[PDB]
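The sequence shown maps to residues 11 to 76, 79 to 125 in PDB author numbering.
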Amino acid sequence: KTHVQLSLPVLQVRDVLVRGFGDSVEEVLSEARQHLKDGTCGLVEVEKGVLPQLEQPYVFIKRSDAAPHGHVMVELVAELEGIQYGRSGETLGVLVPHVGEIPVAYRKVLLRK
């Protein structure tokens, strides 16, 4: 399927144990996609002071369309030293590995895979 219905656990930035997916734009996008497939991906909602507490490169989920079965259609955009790789809509949050942190909420997304 070109899209996959996911429910992403929303994590508080200060709880996150593994604060990025790796060391290159290509690796973080690769790893983010694998964790999304494996159900091992969390979402951190971006506010003032969040991003400097996470590791670059960042992986964002961004709204790709204006929401089947409550699931917002999203795609992945990476960012390193202020350059983004991809072009998409509004940021829903930054993806991180989920290693058992207790979430505060769930974000229903339809991921362009």
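A virtual CB, placed ideally from N, CA and C, is assigned to each residue, including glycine.
| Item | Value |
| --- | --- |
| Got a sec? Which residues, its chain only, sit under 7 angstroms from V38 by beta carbon, not counting five neighbours each side? | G30, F31, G32, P67, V69, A90 |
| Does the Cβ-Cβ distance between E41 and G105 come in under 8 angstroms? | no |
| Give the range of the alpha helix (DSSP H) segment to which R43 is assigned. | 35-48 |
| Just curious, the beta strand (DSSP E) that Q96 is in, first and last residue? | 95-97 |
| Which first and last residues belong to the beta strand (DSSP E) in which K120 is found? | 117-124 |
| Looking only at C-alpha atoms, which of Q44, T12, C51 sits nearest to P115? | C51 |
| Out of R99, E102, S34, state which residue places its alpha-carbon closest to the alpha-carbon of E93. | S34 |
| Which residue's Cα is closest to the Cα of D25: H110, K125, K120, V121? | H110 |
| In the structure shown, what three-state DSSP assignment does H81 receive? | helix |
| Under 8 angstroms between the Cβ atoms of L123 and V86? | yes |
| In this structure, does DSSP put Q66 in helix, strand or coil? | coil |
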